[PDB]
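Q:
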Ligand SMILES: Nc1ncnc2c1ncn2[C@@H]1O[C@H](COP(=O)(O)OP(=O)(O)OP(O)(O)=S)[C@@H](O)[C@H]1O
Ligand SMILES: Nc1ncnc2c1ncn2[C@@H]1O[C@H](COP(=O)(O)OP(=O)(O)OP(O)(O)=S)[C@@H](O)[C@H]1O
Ligand SMILES: Nc1ncnc2c1ncn2[C@@H]1O[C@H](COP(=O)(O)OP(=O)(O)OP(O)(O)=S)[C@@H](O)[C@H]1O
Ligand SMILES: [Mg+2]
Ligand SMILES: [Mg+2]
């Protein structure tokens, strides 16, 4: 259902964050704008998040 | 890479601790490139940041002999940063010291005994002045100016975080001393050091909580809403409240706690005041976390409750959950142990959509929990904690804490013939002579009662391919069915086939079907869920069918995993055998399995395996495509496989090196794996009989003859010899007859291809 | 040694085996400040009055740290919540849970109870 | 006793499994062997016993 | 339910169209003569033809992965050039896979059933 698709998009973008987390610092106060605008969600992110999600309408 | 939030981000300003060679109470010693890269100035103080948000400020020295990653500190700084040796400390330059006018230091009530006087005026009043000593709210400092540790606790300071003692810093000592037990309660707060065996779940909770709180700008700029409700579920005693207190001490965000029976214990119309007070107080201070412990006490299923005030409480909770906004930056998380007992209106989107499963810990988690709990026990060198963690099978962490308690109580009781109950005090030799041995754990483990044995385990098996003898063809074939859709999805995308979901093994009893399933689960590093015959029969007699749906949901939760249905023929054999009753070949439980199997998404990596000792009476509706498809026959083992089986079943026992196992494997033809295991077990039993019967003669002779008793020989029977195998080989038997093997061969030939089509060739036409 | 002693001890058995006898025996034995709670004596009072008695009992025992609290006939004051139909009884059960969890290692208080 | 009560040797249309012996097998496979509980069963007529009890581990 | 409709086993033209329809997902080679296959099979149903096509695709995937393992082992064993960057060894499944997979086909429907 549409809420599951919203959660799918959320988990794809979270995986896209986590692929950069080796560069991303949690402990510093701010984030560089190159790290900010370098985010681009790929097909691998959706293929991850679709394998992870659980549809509640089967 | 789902664990990258646990990494501590190694940076050049990160410093491991070191021992202070300078005994000043607030001194550190750093190198000149360290005091030039961060430009640390002597005369001001650094900003040290330690565990559990506890920080400290200290004067700095230009001692270049310290290494580039270390910093020297005494026990006072090890209290004020709350760190032991080997701990990392963040350092920051702080020239921002603002001074105070009136401070008010306070003693500790049990340290002030002996000589009271006013030892402040004697030692510690001219001790802080003109040394530029930085003070801080929460400074418990060792007193080396006095003759002993008559310590003070710096409590009241006109700057609340910290300051350097100025000439304007006027100190007053009129107040009461600080209690000891409250500070001992303060020294034992909980961080991530106390939690073991839950790295994955802690990573997920850190990703869901710590990241939206520290950086809302990341989610505002990417335009993605963080979640609002996180639900923790699991068996009782797995440490949910522990994780709550851990994140509560971790974040520094404004934490609030709600206890369920504390809400339900009050009068009507009073508990809703507490709920509204809690949410208004947390919305007053935006970086907040609300924790609700034991949620199922305050919101059950509304069909079960009979009061109306309880339904009013549930509706109040729903309204206050939906009234929460993205503006408030408030994360509401709750913990229960019964995920099904909750009113399903709370499960919906925007209320509680994040479910984290705190499961039963495996052996490595058991070892980590034992190492956490046994850090303050005087332990003997005999104690092997890994052996204990291997033997403790059904224990959650609270059971392991009770196990350590009972072991130490047995260690007390072994000295109780010396220990007096009636005297007022205990001697310090009796106190420090306590050392918990392996016998204490072997006692307490025999005494304890694990409250988790009625649970399905979800663990990676340790049975490798080396335990199984031979069978290289089905090894390659199971690799082809299981390992490549996991590893190489893109090849299945380049062509146009979908991988199969099912495998049916069939053959004689005791040939290694369960070992093959566990071995392929070990090879692909997936989880394993086993379901035996008696569980299916239990569902068939009791006519309970939601359990199958709960099983498939549990397997969906732990993906990737294999799912092993042992003995599918059990219900058919129970209802009529082959000849049957008046019914057909379908029933209730296998029907529910087919319904759940046709409805699972194939993009999940759940793979289903079913074993059968008698394949003719299986319902033929399972063998259709889209279901269990590949039929695999597993015969009796040949010579090389019997060699490997006899080798694998003897790695626990010490055998003698003149035993010729190849001769045994050449002599046996119709034996299965269970028969070889029976032979090995009878040999070990005869060896134990020989050992005990030999030691009885030793006891009788050494008590009958006290003449010398000097030689102290070794065992008469170590390393079991060929004589025991020659005796035990008499009682072996073939458990599988020839007509049974004939029947399996006939069913194997019924699955032959069409008798023809060999040497099929296209016409080679240019 | 750094080992926490237990907090709750439950005595169970058939009726007439002398549970109250063992309670009075340890009560005369220890010399610690003993207190007694009778189950139907708690349930016999009015609504909103029994919780006063429970809080009074726990505050009085936490006033004097070497204490033992004994609760006789526990099943009268906390049955299965699926069986009870009053709400005041569930309030009593939740009050007992809160006062049990509010107990600390500081208090040196051992709470033991007997049912059949 | 249950097998003799349900059909003797010739039986009814059913097989050789039932409810109570099933629950015994379920509880027996789940006990820890480090406990010293030892199980003994007597039989005056051993042919009609369920053969699932005679497997190893039982 | 009134109209009884009998649906027999497919003839040659229908087997041609079934083999064409079950292969639009996979890339096949153009020297495969599907009409010869449909002429050779008589008692096959649609499930049998789908089984043949699936076994052919499975053999093709085995050949591709077993060829790429040699590429990995040789390029890690020999770091000499690693320059050519060739295409797939097995794209577009050939007649050899059908000749191998046609051995394991069978008629799933006997003659007495069709007689019935
Ligand atoms: N993973 C763990 N690591 C260390 N200690 C643990 C762990 N799990 C449990 N414990 C110990 O067992 C205790 C159980 O804590 P609780 O949070 O009360 O248990 P629980 O999981 O919350 O179950 P309930 O339903 O609340 S009683 C903890 O206080 C620890 O002493
Ligand atoms: N190939 C094998 N390699 C090693 N041990 C084996 C093998 N086959 C059987 N065994 C042993 O014999 C017993 C049979 O275990 P299982 O794998 O359960 O046998 P099975 O073929 O699955 O059928 P069951 O379970 O006995 S009814 C175990 O004690 C195994 O250790
Ligand atoms: N072990 C015993 N030794 C001596 N007298 C005993 C013993 N057990 C029971 N009695 C006697 O039987 C009485 C029963 O005492 P109770 O404690 O009231 O019984 P109970 O075990 O508490 O069962 P209920 O459920 O409270 S009626 C005691 O007062 C004694 O007179
Ligand atoms: Mg808890
Ligand atoms: Mg009594």
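Chains as they are written, first to last, in full-length UniProt numbering: chain A, 407 to 464; chain B, 12 to 777; chain C, 233 to 348; chain D, 581 to 638; chain E, 639 to 754. A virtual CB, placed ideally from N, CA and C, is assigned to each residue, including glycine.
(1) Could you work out which residues of chain B lie near residue 442 of chain A, taking near to mean beta carbons separated by less than 7 Å?
(2) Could you tell me the alpha carbon to alpha carbon distance between residue 191 of chain B and residue 355 of chain B, rounded to whole angstroms?
(3) Exposed or buried, which one is residue 197 of chain B when buried takes at least 16 other CB atoms within 10 Å?
(4) Cβ of residue 591 of chain D versus every heavy atom of ligand 6: is any distance shorter than 8 Å?
(5) Is residue 737 of chain E helix, strand or coil when you go by DSSP?
(6) Quick check on the contact list: which residues have their beta carbon closer than 5 Å to a heavy atom of ligand 2?
(7) Determine the DSSP secondary structure at residue 639 of chain E, reduced to helix, strand or coil.
(8) Rounded to whole angstroms, what is the Cα-Cα separation between residue 345 of chain C and residue 496 of chain B?
(9) Closer than 8 Å: is that where the CB of residue 348 of chain C sits relative to any heavy atom of ligand 3?
(10) Quick one: list the residues of chain B neighbouring residue 698 of chain E, beta-carbon separation under 8 Å, in chain order.
(11) Using a cut-off of 7 Å between C-beta atoms, extract the partners of residue 20 of chain B located in chain A.
(12) In the structure shown, what three-state DSSP assignment does residue 244 of chain B receive?
(13) Can you pull the chain B residues whose beta carbon is under 9 Å from the beta carbon of residue 634 of chain D, in chain order?
(14) Report the partner residues of residue 83 of chain B according to the DSSP bridge assignment.
(15) At a cut-off of 8 Å, would you count residue 217 of chain B as near ligand 5, judging by its Cβ distance to the nearest heavy atom?
(16) What span of residues does the alpha helix (DSSP H) with residue 563 of chain B cover, start to end?
(17) According to a CB-to-CB cut-off of less than 8 Å, which residues of the segment 700-725 of chain E neighbour chain B?
(18) Using a Cβ-Cβ distance under 9 Å, would residue 338 of chain C count as near chain B?
(19) Output, in chain order, the set of chain A residues within a Cβ distance shorter than 8 Å of residue 610 of chain B.
(20) In the DSSP assignment, find the beta strand (DSSP E) that holds residue 781 of chain B and state where it starts and stops.
(21) Run through DSSP, which three-state label would residue 621 of chain B get?
(22) Check whether the Cβ of residue 670 of chain E lies closer than 9 Å to any Cβ atom in chain B.
(23) Return the chain-ordered ranges of every beta strand (DSSP E) run that is complete within the segment 507-535 of chain B and spans a minimum of 3 residues.
(24) Can you tell me whether residue 306 of chain C sits near ligand 3, meaning its C-beta is under 8 Å from at least one heavy atom of the ligand?
(25) Flag this pair as yes or no: are the beta carbons of residue 528 of chain B and residue 573 of chain B separated by less than 9 Å?
(26) Write down every uninterrupted run of the beta strand (DSSP E) in the segment 452-485 of chain B whose length is 3 residues or greater and which is fully enclosed by it, in chain order.
(27) Quick one: any contact between the segment 596-608 of chain D and the segment 269-279 of chain C, if contact means 3 or more CB pairs under 8 Å?
(28) Please name the residue, chosen from B/242, B/340, B/406 and B/257, that lies closest to residue 360 of chain B on a Cα-to-Cα basis.
(29) Nearest CA to the CA of residue 89 of chain B: which residue from B/576, B/152, B/239 and B/739?
(30) Is the beta carbon of residue 773 of chain B closer than 9 Å to that of residue 736 of chain E?
(31) One question on the structure: do residue 416 of chain B and residue 237 of chain C come within less than 9 Å of each other, judged by their Cβ atoms?
(32) Run the proximity test for residue 251 of chain C: is its beta-carbon closer than 8 Å to any non-hydrogen atom belonging to ligand 5?
(33) Going by other Cβ atoms of all chains shown within 10 Å of its Cβ, with 16 needed for buried, is residue 545 of chain B buried or exposed?
(34) Please name the residue or residues paired with residue 366 of chain B in a DSSP beta bridge.
(35) Under the criterion of a Cβ to heavy atom distance below 8 Å, does residue 384 of chain B qualify as lining ligand 1?
(36) In the DSSP assignment, find the alpha helix (DSSP H) that holds residue 493 of chain A and state where it starts and stops.
A: Based on what the coordinates show:
(1) On the first chain, position 36 is the one that residue 442 of chain A refers to. Within 7 Å Cβ-Cβ: 232.
(2) In the second chain, residue 191 of chain B corresponds to position 180, counting from 1. In the second chain, residue 355 of chain B corresponds to position 344, counting from 1. The alpha-carbon atoms of residue 191 of chain B and residue 355 of chain B are separated by roughly 48 Å.
(3) Counting from one through the second chain, the residue named residue 197 of chain B turns up at place 186. Classification of residue 197 of chain B: exposed, given that the 10 Å Cβ count is below 16.
(4) This structure lacks ligand 6; its bound ligands are ligand 1, ligand 2, ligand 3, ligand 4 and ligand 5.
(5) Counting from one through the fifth chain, the residue named residue 737 of chain E turns up at place 99. Three-state result, residue 737 of chain E: helix.
(6) B/479, B/480, B/520, B/521, B/522, B/523, B/524, B/525, B/526, B/656, B/684, B/685 and B/688
(7) For the purposes of this step, residue 639 of chain E is taken as the residue at position 1 of the fifth chain. Reduced to three states, the DSSP call for residue 639 of chain E is coil.
(8) In the third chain, residue 345 of chain C corresponds to position 113, counting from 1. In the second chain, residue 496 of chain B corresponds to position 485, counting from 1. Roughly 58 Å between the two C-alpha positions.
(9) In the third chain, the residue the question calls residue 348 of chain C occupies position 116. Residue 348 of chain C: yes, Cβ under 8 Å from ligand 3.
(10) By one-based count along the fifth chain, residue 698 of chain E stands at place 60. Here the neighbours are 506.
(11) Along the second chain, one-based indexing puts residue 20 of chain B at 9. Chain A residues near residue 20 of chain B: 431, 432 and 433.
(12) On the second chain, residue 244 of chain B is found 233 positions in, with the first residue counted as 1. Strand, per DSSP.
(13) Translated into positions along the fourth chain, residue 634 of chain D becomes position 54. Those within 9 Å of residue 634 of chain D in chain B number zero; the least Cβ separation is about 11 Å.
(14) As a first step, residue 83 of chain B must be located in the second chain, where it is residue number 72. B/29, per the DSSP bridge assignment.
(15) Along the second chain, read from residue 1 onward, the residue named residue 217 of chain B stands at position 206. False, no ligand heavy atom lies under 8 Å from that Cβ.
(16) To locate residue 563 of chain B, count along the second chain from 1; it is residue 552. Looking at the DSSP string, the run of the alpha helix (DSSP H) that includes residue 563 of chain B is 557-568.
(17) 700, 702 and 703
(18) One-based indexing of the third chain puts residue 338 of chain C at position 106. It does; some Cβ of chain B falls within 9 Å.
(19) Counting from one through the second chain, the residue named residue 610 of chain B turns up at place 599. Ordered by position in chain A, the residues that pass the 8 Å Cβ test against residue 610 of chain B are 464.
(20) Examination of residue 781 of chain B is not possible in this model, given that chain B is present from 12 through 777 alone.
(21) By 1-based counting over the second chain, the position of residue 621 of chain B is 610. Three-state DSSP puts residue 621 of chain B in a strand.
(22) The residue given as residue 670 of chain E occupies position 32 in the fifth chain. For residue 670 of chain E, the answer is yes, since a Cβ of chain B falls inside 9 Å of its Cβ.
(23) 513-517
(24) Taking the third chain and counting its residues from 1, the one referred to as residue 306 of chain C is at position 74. Checking the Cβ of residue 306 of chain C against ligand 3 gives no.
(25) Against the second chain, residue 528 of chain B aligns to sequence position 517. Against the second chain, residue 573 of chain B aligns to sequence position 562. Taking 9 Å as the Cβ cut-off, residue 528 of chain B and residue 573 of chain B qualify as a contacting pair.
(26) none
(27) no
(28) Position 349 of the second chain, counting from 1, holds the residue named residue 360 of chain B. It is B/242 whose Cα lies nearest to the Cα of residue 360 of chain B.
(29) Within the second chain, numbered from 1, the residue matching residue 89 of chain B stands at position 78. Nearest option by C-alpha distance: B/152.
(30) If you number the fifth chain from 1, residue 736 of chain E lands on position 98. If you number the second chain from 1, residue 773 of chain B lands on position 762. Yes; because the gap between Cβ atoms is below 9 Å, this pair is in contact.
(31) Here the question's residue 416 of chain B lines up with position 405 in the second chain. Here the question's residue 237 of chain C lines up with position 5 in the third chain. For residue 416 of chain B and residue 237 of chain C, yes; Cβs fall inside 9 Å.
(32) Locating residue 251 of chain C in the third chain gives position 19, where the first residue counts as 1. Within the cutoff, so yes.
(33) To locate residue 545 of chain B, count along the second chain from 1; it is residue 534. Label assigned to residue 545 of chain B: buried.
(34) For the purposes of this step, residue 366 of chain B is identified with residue 355 of the second chain, where counting begins at 1. Paired residue(s): B/242.
(35) Numbered from 1 along the second chain, position 373 holds the residue referred to as residue 384 of chain B. Yes, ligand 1 has a heavy atom inside 8 Å of this Cβ.
(36) Residue coverage of chain A in this structure runs from 407 to 464, which leaves residue 493 of chain A outside it and unanswerable.
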